[PDB]
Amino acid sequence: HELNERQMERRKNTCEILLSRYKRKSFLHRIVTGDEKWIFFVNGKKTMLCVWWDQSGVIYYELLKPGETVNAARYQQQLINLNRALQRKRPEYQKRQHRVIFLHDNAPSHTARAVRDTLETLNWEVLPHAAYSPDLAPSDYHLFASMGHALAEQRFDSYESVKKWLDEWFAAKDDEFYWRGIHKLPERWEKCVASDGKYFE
């Protein structure tokens, strides 16, 4: 994708804001992030992985029934279920000592009215994210980057072989892999600013 002027300006401006905040007070340990990816399996079928994670590991994921997509109502329900997982797996959040900072992309179901309401009610801080920026999304440049290489060697048979493969694959990564993916953010933000909003190396 060739970025246009509007897109590069939004990327640079978003990265400046995040980087300057980071420099005043790091917030990276409070980020919960997530994204969707298709995973394919032959009987020409596919299932959507929806996953959320932080520097400690995977919090919650869903594998959708073959062919089914995330819409506004599904995403709202996912966020509610994710919050239940976060309470159970992240004590700093159950106790309200620590506000969730949520990083997701601008997919329409992510910004629909009902979802925006639900995020306000959960009262997670929603981080700015520019369009066409998977290079700035940890799920894309870290998690799915690693996962995609391993996936390419699989030939899944069933929706439940996928679920087991993901359970094992997620659990086999050490805490340090998750930590690195999140703490790569500031170096990425810096590169984007130095690129003036272009894609970078």
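One rule holds for the numbers: they count along the sequence shown, beginning at 1.
- Counting the unmodelled positions of the deposited sequence between residue 43 and residue 44 gives a long gap of 10 or more residues.
- Once the C-alpha B-factors are averaged per stretch, 95-103 and 79-87 rank with 95-103 first.
- If you average the C-alpha B-factors over 28-36 and over 152-160, the higher value belongs to 152-160.
- Of all the options 135, 68, 54, 62, the entry's greatest CA B-factor is assigned to 68.
- In the deposited entry, the Cα temperature factor of residue 165 places it in the highest third of its chain's modelled residues.
- Among all modelled residues in its chain, residue 113 ranks in the highest third by Cα B-factor.
- When all modelled residues of the chain are sorted by CA temperature factor, residue 171 is found within the highest third.
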